[PDB]
Amino acid sequence: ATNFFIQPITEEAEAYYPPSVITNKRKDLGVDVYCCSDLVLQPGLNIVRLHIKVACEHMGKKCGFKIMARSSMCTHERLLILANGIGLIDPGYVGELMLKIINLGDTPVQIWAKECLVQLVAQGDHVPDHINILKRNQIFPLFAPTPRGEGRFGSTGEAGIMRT
Amino acid sequence: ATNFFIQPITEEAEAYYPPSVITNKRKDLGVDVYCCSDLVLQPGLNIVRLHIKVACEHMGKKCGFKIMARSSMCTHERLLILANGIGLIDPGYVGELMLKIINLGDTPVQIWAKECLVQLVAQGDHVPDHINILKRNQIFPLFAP
Amino acid sequence: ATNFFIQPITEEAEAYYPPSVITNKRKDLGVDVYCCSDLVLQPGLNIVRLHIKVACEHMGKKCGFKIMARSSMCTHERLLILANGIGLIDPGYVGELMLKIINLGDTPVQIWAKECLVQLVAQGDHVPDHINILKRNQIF
Ligand SMILES: O=c1ccn([C@H]2C[C@H](O)[C@@H](COP(=O)(O)NP(=O)(O)OP(=O)(O)O)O2)c(=O)[nH]1
Ligand SMILES: O=c1ccn([C@H]2C[C@H](O)[C@@H](COP(=O)(O)NP(=O)(O)OP(=O)(O)O)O2)c(=O)[nH]1
Ligand SMILES: O=c1ccn([C@H]2C[C@H](O)[C@@H](COP(=O)(O)NP(=O)(O)OP(=O)(O)O)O2)c(=O)[nH]1
Ligand SMILES: [Mg+2]
Ligand SMILES: [Mg+2]
Ligand SMILES: [Mg+2]
């Protein structure tokens, strides 16, 4: 069984993420996630919050996942790419999901709160069975402190904490 | 057993996809796919058709797959990237594969029909055993809506 | 069990890859690898050598793996992307790992030998148990 757990962590996320269980009858690989706020992306790098904490679990164990562009993210009107190509979300991450979006155009670009620019894909590309939208308040076991915690964007250092 | 199935759906695709079964003796992860038409890529975003329907099957089940750039897609002469980083193809998708390619340069670039800019990779990165090039003029149930 | 094997093939790599066994207690998906040389990345495409040969094994069999940017590779100061999005390394490949990096900015940019810009990820995204740093030119 492959399940995603999404918890809204702002008032804005609560508009798009009511407490519910979503099934994946279509068997799509990706879980679309909302901007939740109207965005203005400047030419160059933009750091964008997704207003959610996410956990993935496969065969009953907490696992990693990937952030991938939707094919609709990039249009003639909006030349947007994920800076990191895909987002590699480590099993131990329990912070807010963030995006690095490059606007390749010369003009600032507007995104609606209701748009999904990206999709979450389980470690190993397993088709999700259920998407669990958790209550904003609750404590969830899978968000418990880890060695990584909310460490992201070079939190591990230049050498990679991995090191060698 | 991981198998790919490619059906050409245009006469342009029939030039590059003769009916056959390709084995993957080298155990490469990626299945190279042809442009099938010469194209000029304008600076900015370009929509490129791949002229094929594809199915992947793993352990007897229809699965998804991914479209990745070949390391040779991007040269000094042609600063090309996949707009979406990786193409994510759902198990239920039975239409023509399409690419969104960005030309990051100031100047239009020529691609040739016989070039492969991208490669297909099974859901979960399983090494393909066979690539079945299907006859153009059939309705295969694997491609049913 | 999922293990990486890194074999330095230059003296520059030897200086950053002393023989050793790294356990992945954090259970991170990616193995960070050094640039091993100071480099200046020009606007447009830059070919960057990683000074290493790498093997990945899963359940005692040699497998492929992938090269991805670290989320920290791209910043306001260094607008850097992997040209191919992710590098796909076939299980059959035994040569040096190479990068194609695009500087999207108008200005050259400095990268440092002790910097890791990219990470390796096993075929199938398996969490690595061990990273084995081998001796220079030591076979798998
Ligand atoms: O697109 C992303 C990518 C990563 N992340 C988070 C989760 C991930 O576990 C954490 C670390 O990502 P990387 O390991 O891929 N980047 P880096 O190695 O530079 O950061 P760190 O040193 O903290 O591991 O950053 C995002 O929120 N969005
Ligand atoms: O690079 C690609 C990506 C997707 N596709 C096809 C197959 C895929 O299952 C389908 C939808 O892909 P995305 O989820 O990335 N696009 P989006 O979410 O914007 O549209 P849709 O609502 O149809 O999923 O489009 C391509 O042909 N090439
Ligand atoms: O980023 C990369 C990508 C690939 N490689 C290596 C490993 C891989 O097995 C080999 C082939 O890569 P691609 O299949 O993506 N490039 P291409 O298909 O253009 O060349 P080839 O015909 O040699 O496979 O080059 C790298 O060193 N770095
Ligand atoms: Mg979609
Ligand atoms: Mg190849
Ligand atoms: Mg990291």
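Proteins come first, then strands; the chains are lettered A, B, ... in the order of their sequence lines, and each starts at number 1.
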Verdict with reasoning, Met162(A) to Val33(C), per side chain to side chain contact (heavy atoms under 4.5 Å, CB included): CA-CA 9 Å; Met162(A) 209 58 156; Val33(C) 292; over 6 Å; no

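Heavy-atom pairs under 4.5 Å with chain C were tallied for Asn84(A), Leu88(A), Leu82(A); the largest tally goes to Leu88(A). Options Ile81(A), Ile161(A), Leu45(A) differ in how many heavy-atom pairs under 4.5 Å they form with chain C, and the most are formed by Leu45(A). Listed options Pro91(A), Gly85(A), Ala159(A) were ranked by heavy-atom pairs under 4.5 angstrom with chain C; first place goes to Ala159(A). Put simply, of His76(C), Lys25(C), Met73(C), the one with the most heavy-atom pairs under 4.5 Å next to chain A is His76(C).
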Return a table of donor-acceptor pairs under 3.5 angstrom between the side chains of residues 149-158 of chain A and protein atoms on other chains or two or more places apart.
from	atom 1	to	atom 2	distance (Å)
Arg152(A)	NH1	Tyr93(A)	OH	2.9
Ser155(A)	OG	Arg152(A)	N	3.4
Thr156(A)	OG1	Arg26(C)	NH2	3.3

Side chains of residues 34-42 of chain C: which donor-acceptor partners sit under 3.5 Å, not counting sequence neighbours?
from	atom 1	to	atom 2	distance (Å)
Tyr34(C)	OH	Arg163(A)	O	3.4
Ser37(C)	OG	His51(C)	NE2	3.0
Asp38(C)	OD1	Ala113(C)	N	2.8

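When heavy atoms are compared at a cutoff of 4.5 Å, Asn24(C) approaches chain A solely by way of its side chain, counted from C-beta outward. Within the 4.5 angstrom heavy-atom criterion, no atom of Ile52(C) approaches chain A. The part of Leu104(A) that comes within reach of chain C is its side chain, from C-beta onward, which places non-hydrogen atoms under 4.5 angstrom from that chain. Contacts of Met68(C) with chain A are made by side-chain atoms alone, with heavy-atom separations under 4.5 Å and no backbone atom involved.
Close approach to chain A, defined as a heavy atom under 4.5 Å from one of its heavy atoms, is seen in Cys116(C), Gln119(C), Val121(C), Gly124(C), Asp125(C), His126(C), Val127(C), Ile131(C), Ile133(C) of residues 116-140 of chain C, taken by number. Residues of residues 60-67 of chain C that come within less than 4.5 angstrom of chain A, heavy atom to heavy atom, are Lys66(C) in numerical order.
For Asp90(A) against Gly30(C), the heavy-atom pair with the smallest separation is OD1-N, 4.3 Å. Shown here for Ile89(A) and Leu29(C), the closest heavy-atom pair between the two residues is O-CD1, 3.7 Å. Taking every heavy atom of both residues into account, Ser71(C) and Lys100(A) meet most closely at O-NZ, 2.7 Å.
Enclosure of atom CD in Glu11(C) is not indicated, since only 12 or fewer non-hydrogen atoms of other residues, nucleotides or ligands lie within 6.0 angstrom. More than 12 non-hydrogen atoms from other residues, nucleotides or ligands lie less than 6.0 angstrom from CD1 of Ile47(C).
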